[PDB]
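Student: This is the structure, below, for whatever I ask next.
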Amino acid sequence: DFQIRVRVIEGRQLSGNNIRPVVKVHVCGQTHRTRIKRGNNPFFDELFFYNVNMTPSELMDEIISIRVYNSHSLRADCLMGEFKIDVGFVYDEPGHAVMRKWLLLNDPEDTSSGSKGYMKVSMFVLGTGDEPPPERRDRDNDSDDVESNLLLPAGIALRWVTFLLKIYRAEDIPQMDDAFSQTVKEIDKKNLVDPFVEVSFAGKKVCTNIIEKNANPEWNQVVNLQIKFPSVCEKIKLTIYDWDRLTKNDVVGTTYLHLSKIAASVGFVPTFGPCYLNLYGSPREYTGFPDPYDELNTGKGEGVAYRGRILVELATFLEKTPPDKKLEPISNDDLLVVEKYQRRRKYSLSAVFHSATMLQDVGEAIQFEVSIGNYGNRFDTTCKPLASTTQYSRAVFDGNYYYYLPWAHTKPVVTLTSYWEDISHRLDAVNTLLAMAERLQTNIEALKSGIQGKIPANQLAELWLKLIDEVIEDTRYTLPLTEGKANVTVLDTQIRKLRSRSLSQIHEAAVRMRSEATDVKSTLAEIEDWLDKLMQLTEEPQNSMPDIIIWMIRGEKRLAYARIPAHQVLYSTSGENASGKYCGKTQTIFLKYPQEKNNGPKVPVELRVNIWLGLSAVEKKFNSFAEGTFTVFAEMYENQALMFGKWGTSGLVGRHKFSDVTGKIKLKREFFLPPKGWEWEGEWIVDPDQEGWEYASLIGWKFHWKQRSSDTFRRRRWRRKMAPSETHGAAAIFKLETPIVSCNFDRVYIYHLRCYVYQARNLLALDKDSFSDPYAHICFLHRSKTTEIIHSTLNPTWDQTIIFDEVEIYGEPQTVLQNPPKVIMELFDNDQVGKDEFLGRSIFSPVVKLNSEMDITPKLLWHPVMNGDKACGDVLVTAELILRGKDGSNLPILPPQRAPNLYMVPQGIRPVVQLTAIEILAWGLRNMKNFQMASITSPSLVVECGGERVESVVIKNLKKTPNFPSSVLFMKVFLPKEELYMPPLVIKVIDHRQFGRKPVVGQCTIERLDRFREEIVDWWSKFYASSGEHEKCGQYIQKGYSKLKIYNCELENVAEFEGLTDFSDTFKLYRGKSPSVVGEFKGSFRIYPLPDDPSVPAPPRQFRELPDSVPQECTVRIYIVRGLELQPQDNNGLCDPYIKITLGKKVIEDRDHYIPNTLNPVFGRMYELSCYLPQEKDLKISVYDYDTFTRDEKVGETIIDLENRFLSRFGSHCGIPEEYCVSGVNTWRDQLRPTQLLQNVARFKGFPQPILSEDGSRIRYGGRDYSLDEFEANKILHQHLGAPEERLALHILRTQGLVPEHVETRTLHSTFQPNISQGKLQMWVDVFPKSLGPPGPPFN
Ligand SMILES: [Ca+2]
Ligand SMILES: [Ca+2]
Ligand SMILES: [Ca+2]
Ligand SMILES: [Ca+2]
Ligand SMILES: [Ca+2]
Ligand SMILES: [Ca+2]
């Protein structure tokens, strides 16, 4: 057996606009398909498996078709085409795998003009039982470096285009040298780097000229690339290196030149610029030891510090094909036209720090630093040093687990002045369509909560009208006037034309949606990719504003970072929507460690900041955004010394009488005066010994509160406030060009928060017993609490409300209503020995309720619990964050207490549970796989549903008796009525192996728990009589014989007998961690409501008629009638078919009764076997092909599971006749008489026993009375008829649904086509247990 593995990963630049791509995968005739995605660039990560049993000389002949289609709402999928490749190519590859290779899409004739898309494809062909070399991860480093399958027939792309990438200059490049060559002259440190740009695209690398010792270089060069005009590679890797002779060239930073943000399928050649592109990487401070964060320099990771920026412009000639003229200087007219794109404007930044919580370290002082680009870097040397950093703060303990900062009403303020290009003509568009995208996403989630919650139809209709009218209103946003702005690029005009086209298209289709349709459920498919169209309109290659990187410094060591993209904080005069989302508004920001892509086990700090950025020509209107009152304190001091036992101001050598805090620099009260926009407030007062004297042991040393024995020097304090005087206002803090500025809040607001932590699911097992002991640290700003520990559970139910009182948060309540701070839950595994282990983190926002009219009861939601990178479980939590009014009167009623100071989740927020009886018919396990290459001998079954546990009796010998002695199990579980909150059912299988081990050899998951609430009078004559094929009314039919029924499909496909699976519903098991087939457990579940009183015992069982559950030896008799339309297997164009049967240890090969040269073989043959049931349940019937000289080919095969035939409630073990007869061809072969079968089916159906009459003429059964004269009226009777009671009871058995005699017609399947009809044939099978005695006479 050979195996084909196919994986689809990604699609990029698929042709056509407004497309909904989907991929159909076909391997060797077996065809499936993927899901439907949105947009131009879908991501799939779908995997499919296939198996064929071809010869090794025939395996390479088949092809792999990965054909792609364009899905439509009202039409069928339209073919796009694909480059199919044979199996010989992937088998010819080293390792037998073309692995993560790209693939082309093609029109079969129009592929010469360009490809129709690209699809990332993984191939592997290997034998069965083998394993692959490992594959994982998502990355974009390998693209278009001949990874795409080249030389497809007549479909090579246009490799004639030349990328005219002009590079102009660069600025602010950080120091990448040790500066030893310059500091020996004792002097210039900011300009020592040797930048060159390694351009890289599709595996082609050209290096530009070197400029030595210039952090503001001027290249003015043209670099030429020769690529295909359709190219899968999305971005050019612009990576500035530092050139060095004695060592490998270090990496300054990496930015990317994205093309498909401009492209339309209407479209043009790739263009860009002239626009600056910002680099990011390691912190700018050079170290003599090699840099630990050098991985972030090469683009791996998002970068933690700004590393300069570079002005480039991309043009494209469809000509010039340059082999050797790869580097030419820029002509001078492009040099004076590029000065219009370098025009600087002054910018102003202010950051008010609101909170900095969830700290774990308490040792040594903390601070923060706000820097944009190079401005604000506290380690860079510059004249007039900026107030770019907050003051030092010492964290205090919140009482329970974490630490917070004592900032309280006095918030730190960081103010700095920068110089950037006025690219606000672009970022106005970026911010406005991002506001469109966020409004559309919020309204989409409103529609999603409407359709999931089943709101009334008028509410859903007015919500959808609000959606459509929102797009109607603000899609009329005119793009900014790109004339008179000197920095407008050619890409700006092309992108503006494309955006106007797309915006007018979605606008007119929004009028169409408003005027043609009312179907709110069909139109959301087009809204959901209108949202993706807005995503494709927002994002930019030309963002030259560097990110506001806001750091955390522990002493002098940089510890944690974040970066805000500066477009959502930039202010502009064009409008509020054209301004940023977080412009002048608070935001919750989780800082990360530098090497961490996302925060892992420990968040360093939950920093909350309010950053405003904008042009300094329009910084006058800070006063609309401003909150509180900005305040600066002027400083001077006075030193005294204890000489001759008395304090005095004289004798201060090295200091002054009036001076600064260290005493070294002389100061006076009027040395610093309030500048323009400022006036003095109040008067110089002592700010505290109650006199204010602070004493130290040495001169200019650390002062403290009171004079000890060793203190011989002292000082004291005076401060004077300065406040904004005129209507210059709070904007005057930019005019302080530095004294420490802080924002004073004159009003405090009280907040009361309740977190409803009900339950979790799918938590990791960090203990040795494959469970955990979870608990949660619920932290919110300057408070935290700890929940209870639920021991030995991976699906815990804490059922606990965590309550915080007196959480003081400043600012207006509308500020916290628009931007609530995050409630963070840190789940841990409680270990009684050692430190607890990190389980995960859930971040969600509380529903802020400022007053009584916002009293929405908060629904619990399954917020993800991220650990590392991936989600590792969910928690069902919510929160509410309320204005605490006067005396807490508007606060809700407290939740009840099951324990002292330990609250429960209250009645309206908890999942509404009702008590159910989950009854499990745990019967048997079939088709086991070896655990660690060792057979299974002693399995047992454990049923779990939301933490409730029941166990079954362990099987002593699986090979001998694979059936549980405990057939019926009970669980009494409070299950939620809502489908969302209701937990999945998990089954465990435990094998009694050596060493007293408890291993899991199989696990099962179930989610659809809503389900379980004259002639010779032979058989050829009777077959023709029932079929009506021959004579159709004749004298044989006029003898009144029993008539069978011919079914053209399977009995399993007959919905009348429920597929013969009702008593034995089959399920699917798994093993290990990412998997494949290990086993199958079957047995019917019955999940029905228990009575509402928990003390009341069980209701009567739904499983009350357990049969003989031990295995029984059974005699089988297989009848084969005729095959139809078989596939030829010979050189003569026909087939010579025969029968091959295997029942476990017994094999029958029906060789010498073959039928020559037919495709319709009338077999008419009788095969008798006897085998152990239900162990050998797999009855395999196959048709093979006679050849007198060659190997027998396989025509087809079908699998019949006889235990489902024997154990069915419909009794398909023996096909009953129409009327009861004792001799001839109609002889009763069943070992149980019709009346005993009637009482048996009364037992299995739960029906009462049949009340026979005194002569058998009347039988009462199943709530209905039956009579013999109803069937015997105008019915011909003949001499084989037996007793009248059995005769009548047989007609009851025929009218009640017990299976009569049939000739079924099964489907053949080959190994090449396991689901396609490889012919047809007719069978009917008889099963008789030997426990009920010997069966009747066999039939010919
Ligand atoms: Ca270097
Ligand atoms: Ca260098
Ligand atoms: Ca543990
Ligand atoms: Ca533990
Ligand atoms: Ca043959
Ligand atoms: Ca043959």
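Each chain in the structure tokens gets a letter, A, B and so on, in the order shown; residues start at 1 in every chain, and ligands are counted from 1 in the order they appear.
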Enumerate as a VMD selection string the residues within 6 Å of ligand 6, counting only C-alpha atoms and all ligand atoms.
Tutor: chain A and resid 1129 to 1130 1135 to 1136 1185 to 1187
Student: Using only C-alpha atoms and all ligand atoms, find each residue with an atom at most 7 Å away from ligand 2 and format the answer as a list in words.
Tutor: residues 176, 177, 193, 194, 242, 243 and 244 of chain A
Student: Convert the current residue selection to file output with C-alpha atoms, as a PDB file, in the first residue's frame.
Tutor:
ATOM      1  CA  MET A 176      27.204  49.889  14.551  1.00  0.00           C
ATOM      2  CA  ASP A 177      30.936  50.352  15.247  1.00  0.00           C
ATOM      3  CA  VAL A 193      28.178  53.574  10.327  1.00  0.00           C
ATOM      4  CA  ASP A 194      28.900  52.361   6.773  1.00  0.00           C
ATOM      5  CA  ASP A 242      27.034  48.002   8.235  1.00  0.00           C
ATOM      6  CA  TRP A 243      30.076  47.375   6.045  1.00  0.00           C
ATOM      7  CA  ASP A 244      33.189  46.176   7.859  1.00  0.00           C
TER       8      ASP A 244
END
Student: Give as a PyMOL selection string the residues surrounding ligand 3 up to a distance of 8 Å, considering only C-alpha atoms and all ligand atoms.
Tutor: chain A and resi 765-768+772-773+829-831+836-837
Student: Pick out the residues no farther than 12 Å from ligand 5, counting only C-alpha atoms and all ligand atoms, and list them as number ranges by chain.
Tutor: A: 1127-1138, 1156-1157, 1184-1195
Student: Given only C-alpha atoms and all ligand atoms as the basis, pick out the residue of A:764, A:803, A:479, A:173 nearest to ligand 4.
Tutor: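 Among the listed residues, A:764 lies closest to ligand 4.
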